[PDB]
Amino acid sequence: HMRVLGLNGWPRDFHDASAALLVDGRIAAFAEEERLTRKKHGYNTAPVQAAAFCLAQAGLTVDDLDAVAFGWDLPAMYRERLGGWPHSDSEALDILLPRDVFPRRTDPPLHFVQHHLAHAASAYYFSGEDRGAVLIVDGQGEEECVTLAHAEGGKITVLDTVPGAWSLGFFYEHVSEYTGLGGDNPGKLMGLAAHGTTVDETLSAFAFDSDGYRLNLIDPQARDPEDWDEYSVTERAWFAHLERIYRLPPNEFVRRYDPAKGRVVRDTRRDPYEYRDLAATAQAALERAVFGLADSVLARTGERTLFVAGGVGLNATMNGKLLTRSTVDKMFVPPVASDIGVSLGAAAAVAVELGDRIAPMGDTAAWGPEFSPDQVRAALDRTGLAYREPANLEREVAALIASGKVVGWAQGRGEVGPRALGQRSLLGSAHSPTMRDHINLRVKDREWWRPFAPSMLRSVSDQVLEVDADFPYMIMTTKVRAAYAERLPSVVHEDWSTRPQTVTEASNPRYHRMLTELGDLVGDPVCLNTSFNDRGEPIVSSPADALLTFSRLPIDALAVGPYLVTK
């Protein structure tokens, strides 16, 4: 067996720590550090817990690993930006896999994989497609913010890159920060976009062309000599430019004691909704930039299949429009397009180099921890809450959803990536015209303007959506067909876009059975599926996590394993 543990996350100036374990090209385990630590974004840490989970899941120790793979070229970033790489491989392993958690007789070979190659690998090798164009659109790797590559015969060959200061990723985050939504919540900005109107998608900054874009505002070779990414350099240029061309100045953060909460809370001086027009304009600019990049790499490669990874690959709206583009026939974007995925991608690149063949992900992201009925019962018994073990959990849950109740659903292996896909989900009626406001304002405490997304059977997705394809990851938006746009109001956005999950019997029989039961009740086997967590909070992972969230929120029921808890 070829066993490769892929890692991301490092104690110095890092985010999105994660670990993935490949055994013979298959994902044996994969987790995000934040889910286990409950510390959002997995900042400034080696993926200690995620890696410990991965080994436990597969029943391995480090001595059973053929290789450890890291999803950045770290030595190169230390040599370039920090005056030298001071670690032997052994010292580096001691940092990535601390010996108090990871005892080992000897050191496995350590591989550093160039960051965008790792991003690329996470898309290509898991797509189930033999070849295609590669588009990596990121905040920043070691130097570059964009990579165009050709995937074929199991090789990834880089065609061109874009330097970091021209980052579309940073641009989008800077706008997000500017609006008061936050640089770490660009998904919020994407949601805001449809509520606004675009006048000038250049933002007096971008020039667009057939192959991508230009940013003559920023010197493309600009480097921050005091950090190792160009975030703060781009932040300055973008903030100054935006305050000049846009009617509103930056939204400022307000920190004040709230006597109702007994804490200093952080808020914004203005409502971010006021910036909706800027959001719409930023979204249009990104889309236009990315359309050019994608057309360019597809034409240069002679391919009609497009792979996308990198943080910007989380832009589901953009992904949905790429899909409908005349230059695109098939498209694969992995659930872990962002940096959490470079652990998996580093592991794949190394596994391939070692002669392994990589299995396609196959319509599931479900690779984190799961818990046995006995483990769930211990967590239940700890809280002292009453509960049942229904003879037909799926039918009962469907009935709860049909009646307008909000049901926690914590089953099987935790999903990896930022979307809940029926392993750690909160379920609601897709047909309710009040469900959206209820979950936003009462349950999860989000902005009224945030949209929700549906899970549905692959079998009906042709009738519901304007595209007939698998949408396993909620990473692409698409238009709802006419009859359903008014039938499914809690899960349609301002522009009749939705961000669907299609469910097959194979990928998740339990969820599939549930939706089938739901379709018998409300006509359509579709439900609202938002992630199981308070807004802002990491998706719940453990049964204790699920119970804490269940009890802090006005959720009606929780189906956790085979058990049903009712408020």
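The first residue of the shown sequence is 1; numbering continues from there.
Once the C-alpha B-factors are averaged per stretch, 270-278 and 466-474 rank with 466-474 first. In this entry, 226-234 shows the higher mean Cα temperature factor of the pair 226-234 and 403-411. Which of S167, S176, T327, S343 has the largest Cα B-factor in the deposited entry comes down to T327. For the set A316, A348, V265, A482, the PDB entry assigns the largest Cα B-factor to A482.
Annotation for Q140: CA B-factor lies in the lowest third of the chain's modelled residues.
Looking at the C-alpha B-factors along this chain, the one for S542 belongs to the middle third.
When the CA B factors of the chain's modelled residues are split into thirds, the value for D100 lands in the lowest one. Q221: CA B factor in the highest third of modelled residues in this chain (values from the PDB entry). Placement of the Cα temperature factor of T45 within the chain: middle third of the modelled residues, per the deposited record.
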